[PDB]
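Comments concern the structure below.
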Amino acid sequence: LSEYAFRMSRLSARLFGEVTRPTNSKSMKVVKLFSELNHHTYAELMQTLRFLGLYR
Amino acid sequence: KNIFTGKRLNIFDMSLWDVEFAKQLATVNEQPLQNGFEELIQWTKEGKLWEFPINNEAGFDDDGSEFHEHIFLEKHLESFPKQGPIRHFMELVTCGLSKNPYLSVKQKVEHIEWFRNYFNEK
Amino acid sequence: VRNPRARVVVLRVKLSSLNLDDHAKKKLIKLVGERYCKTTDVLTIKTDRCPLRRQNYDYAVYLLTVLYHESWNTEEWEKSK
Amino acid sequence: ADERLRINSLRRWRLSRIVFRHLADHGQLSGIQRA
Amino acid sequence: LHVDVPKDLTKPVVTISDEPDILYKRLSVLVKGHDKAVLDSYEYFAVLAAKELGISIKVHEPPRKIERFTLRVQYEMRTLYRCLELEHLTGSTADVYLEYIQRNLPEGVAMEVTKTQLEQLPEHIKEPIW
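Residue numbers (PDB author numbering), protein chains in the order written: chain Z, 4 to 40, 54 to 72; chain Y, 248 to 261, 276 to 383; chain 1, 163 to 243; chain K, 48 to 58, 103 to 126; chain H, 50 to 120, 131 to 189.
Right under this line is the structure:
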């Protein structure tokens, strides 16, 4: 690996927003972490409508 | 001769009440729906149906934010250490946040502020 | 109506249409890496970072802009090819 | 929740199988046929 | 209606704005459905409507997929595809055609439309910065 290609790889990292400083891969885990992000209502509604005289 | 020519008075030349007056005006042309197209038209005017051609981000603007607020979040790292290991940790944190398409800028800023706090107690 | 996949935007431009010299073309190609296909002379930038689609389109245009300007720039380390 | 995620950083139908079968077997689940 | 007809009809207002419109090279419409006959009828409808709207359209059939799973009781899903590639249509023609065919999208048929807009270089890229 030439020094030229290394400095250019970290330049392209600057361009595309990738981490310029190589943080191995172990510390990169939080990069992945931050990359991503009712029986009740049914139940009373049936029984609530029931004593009003329109459900069963 | 038509009734539109002749003598005239010659007198002149050239809140809740308004709300209910306009609502009563609406009743003048309040007819039952006459076919299905009319039903779809009324529903979409009411905001019931989807707009076509369908726009998957309809009704959402992300608070009018621009991309540079989502991609470049390192201006929230000014109050942190500039060269220690918190600079490493927080620069990498904001790199992670800048790749999150599910969050708005406000949540990202609040999250960065929480780290601000947490390190300051510590 | 929300579908998370609608934010993706894909910009495709043929590098022969960009006002690039030999050094600039070399630098652009080996910046982009696999985004550029040698067979087709087409560079493809896929942007999906931002929530909306207008933001991703703006980001893609901005990326292409900065890429052109930084390919047309010769740093100090560029001397030692 | 968010607090838990942060401190960590600092370091198909959703039905019972049988209820799926009855709906699936009665044709009540769209597109799910038997091979 | 044989005698009783509307005298005049209020056509919708279509104002010719002053901005330039988007241009689309291609507009690929991938419709996915569980039934081949439904997709064939939809293909007939879309192709015909494109013909009376002057839009150039070509149709092909991407390969079907099956998702099999087991609970032994073995269930299946079939997804069949139809791809309608329209060519050389402006922003407004595309917009109206898409509204029409999406409002007439049958049951169980999902749509994926990819639009290939045409743009010119930004002025920042015509010449290098000095």
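For each residue, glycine too, the CB sits at the ideal point set by N, CA and C.
- Remark: three or more beta-carbon pairs, one from each stretch, lie closer than 8 Å, so the region 330-337 of chain Y and the region 205-213 of chain 1 are flagged as touching.
- One Cα belongs to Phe19 (chain Z), the other to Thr227 (chain 1), and the distance between them is close to 12 Å.
- Contacts with chain H at 8 Å (Cβ-Cβ) include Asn181 (chain 1).
- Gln217 (chain 1): member of the alpha helix (DSSP H) spanning 215-233, first to last residue.
- Distance from the CA of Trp234 (chain 1) to the CA of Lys74 (chain H), rounded to the nearest whole angstrom, comes to 30 Å.
- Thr149 (chain H) is classed as exposed because its beta carbon has fewer than 16 other beta carbons within 10 Å across all chains shown.
- Relative to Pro69 (chain H), the option among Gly103 (chain H), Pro187 (chain H), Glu178 (chain H) whose CA is nearest is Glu178 (chain H).
- Spanning the alpha carbons of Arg167 (chain 1) and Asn317 (chain Y) requires a straight line of approximately 9 Å.
- With a threshold of 8 Å between beta carbons, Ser38 (chain Z) makes contact with chain Y.
- If you ignore the 5 residues before and after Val96 (chain H), its C-beta comes within less than 8 Å of the C-beta of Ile106, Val108, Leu143, all in its own chain and listed in chain order.
- Within chain H, the residues whose beta carbon sits less than 7 Å from that of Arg108 (chain K) are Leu120, listed in sequence order.
- DSSP, read as helix, strand or coil, puts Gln119 (chain K) in coil.
- Neighbours of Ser28 (chain Z) in chain 1, taken as residues at a C-beta separation under 9 Å, are lacking, since the least C-beta distance is about 19 Å.
- Inter-residue distance for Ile54 (chain K) and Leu61 (chain Z) is about 41 Å (C-alpha atoms, whole angstroms).
- Proximity to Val175 (chain 1) across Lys185 (chain H), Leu180 (chain H), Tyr140 (chain H), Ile188 (chain H) peaks at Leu180 (chain H), based on C-alpha coordinates.
- Each of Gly82 (chain H), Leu58 (chain H), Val54 (chain H) was checked against the Cα of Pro165 (chain H), and the nearest Cα belongs to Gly82 (chain H).
- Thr209 (chain 1) sits close to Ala222 (chain 1), with the two beta carbons spaced by under 8 Å.
- Segment contact: the region 335-350 of chain Y against the region 303-310 of chain Y, fewer than three CB-CB distances shorter than 8 Å; contact not assigned.
- Membership of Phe118 (chain H) in the beta strand (DSSP E) is indicated by the continuous run 114-119.
- The closest CA to that of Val172 (chain H), considering only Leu79 (chain H), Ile115 (chain H), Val132 (chain H), is found on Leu79 (chain H).
- Distance from the CA atom of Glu50 (chain K) to the CA atom of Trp375 (chain Y), rounded to whole angstroms, is 9 Å.
- Think of a sphere of 7 Å around the beta carbon of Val163 (chain 1): the chain Y residues whose beta carbon falls inside it are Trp311, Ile315, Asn317, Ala319, in chain order.
- Looking from the CA of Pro314 (chain Y), the closest CA among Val63 (chain H), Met170 (chain H), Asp154 (chain H) belongs to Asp154 (chain H).
- Listed by position along chain Y, the residues whose Cβ is nearer than 8 Å to that of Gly20 (chain Z) are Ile332, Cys356, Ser359, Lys360.
- Nearest neighbour of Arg113 (chain H) by Cα position, chosen from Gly167 (chain H), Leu139 (chain H), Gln133 (chain H), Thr175 (chain H), turns out to be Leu139 (chain H).
- The Cβ neighbour count for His372 (chain Y), taken over all protein chains shown within 10 Å, is at least 16; the residue is labelled buried.
- Taking a contact as a CB-CB distance under 8 Å, the pair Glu186 (chain H) and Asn218 (chain 1) does not count as one, their CB atoms being some 27 Å apart.
- Annotation for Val34 (chain Z): the continuous alpha helix (DSSP H) segment containing it runs 32-38.
- Around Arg58 (chain K), no beta-carbon contact reaches into chain Y at under 7 Å, the shortest distance being about 11 Å.
- Between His231 (chain 1) and chain H, the shortest Cβ-Cβ separation is below 8 Å.
- The criterion of a C-beta distance shorter than 8 Å is satisfied by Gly357 (chain Y) and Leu36 (chain Z).
- Looking at the backbone, the Cα of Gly325 (chain Y) and that of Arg169 (chain 1) are separated by about 15 Å.
- Per DSSP, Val22 (chain Z) lies in no beta strand (DSSP E) segment and is marked neither H nor E.
- Under the three-state reduction of DSSP, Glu182 (chain H) is assigned to helix.
- Residue contact with chain Y for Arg75 (chain H): absent (no Cβ-Cβ distance below 8 Å to any residue of chain Y).
- CA-CA distance, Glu312 (chain Y) to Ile258 (chain Y), rounds to 53 Å.
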